[PDB]
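Student: using only what follows, build the 3D model:
(one chain, ligands or ions: 1)
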Amino acid sequence: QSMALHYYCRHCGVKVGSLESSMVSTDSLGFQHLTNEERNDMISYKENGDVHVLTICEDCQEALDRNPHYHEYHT
Ligand SMILES: [Zn+2]
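Tutor: Numbers count the residues shown, from 1 in each chain. Coordinates below:
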């Protein structure tokens, strides 16, 4: 199944790596004994990857490419 790092966007807070998590249970960490999804990750090695990366989404990339560093701070 299509699995990798969990992508959460820098600044705009969009989930860039979580859409098909409904059937692709690789997004949820097997904490203890929650759902069947957690039961699957309950293996002695996080199958979900243990990866929470903050990256640029399409939107922010365009904030990037269309605006120099996506505007300035204040001055
Ligand atoms: Zn973004």
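Student: state the phi and psi torsions of the residue lying closest to residue 41 once chain neighbours are set aside.
Tutor: Spatially, and ignoring its direct neighbours in sequence, residue 41 is nearest to residue 30 (3.0 Å; Cβ to Cβ, 6 or more residues apart in numbering). All C-beta spots, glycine's among them, are computed from the backbone N, C-alpha and C. Residue 30 adopts backbone torsions of phi -70, psi 80, taken as degrees, to the nearest 10.
Student: what's the separation between residue 30 and the ion?
Tutor: Distance of residue 30 to the ion, given as Cβ to the ion, to the nearest Å: 28 Å.
Student: which residues touch that residue?
Tutor: Neighbour list for residue 30: 37-43, 46-48 [criterion: Cβ atoms under 8 Å, 6 or more residues apart in numbering].
Student: same thing but 10 Å
Tutor: 37-44, 46-48 (Cβ atoms under 10 Å, 6 or more residues apart in numbering).
Student: kindly report the same for residue 36.
Tutor: 25, 42.
Student: mind checking how far it is from residue 48?
Tutor: Applying Cβ to Cβ, to the nearest Å, the value for residue 36 to residue 48 is 14 Å.
Student: got it, and residue 16?
Tutor: 16 Å.
Student: do the same with residue 32
Tutor: From residue 32 over to residue 48 (counting by Cβ to Cβ), the distance is 14 Å.
Student: between those two, which one's more packed in?
Tutor: residue 48 (19 against 7; other Cβ atoms under 10 Å).
Student: so what sits against both of residue 36 and residue 48?
Tutor: Common contact partners of residue 36 and residue 48 (Cβ under 10 Å, 6+ apart): residue 25.
Student: circling back: just the ones of the contacts of residue 30 in helices?
Tutor: 37-41 (DSSP state H).
Student: determine the longest helix present in the protein.
Tutor: The chain, longest helix under DSSP H: helix 58-66.
Student: now that helix: buried residues?
Tutor: Across helix 58-66, burial judged by 16 or more other Cβ atoms under 10 Å covers 60, 63.
Student: gap between it and the chain center?
Tutor: 18 Å (Cα atoms, centre = their mean, to the nearest Å).
Student: so the closest residue to residue 4 other than its chain neighbours is in which element?
Tutor: Sequence neighbours aside, residue 17 is the residue nearest to residue 4 in space, at 6.4 Å (criterion: Cβ to Cβ, 6+ apart). With secondary structure defined by DSSP states H and E, residue 17 is part of neither a helix nor a strand.
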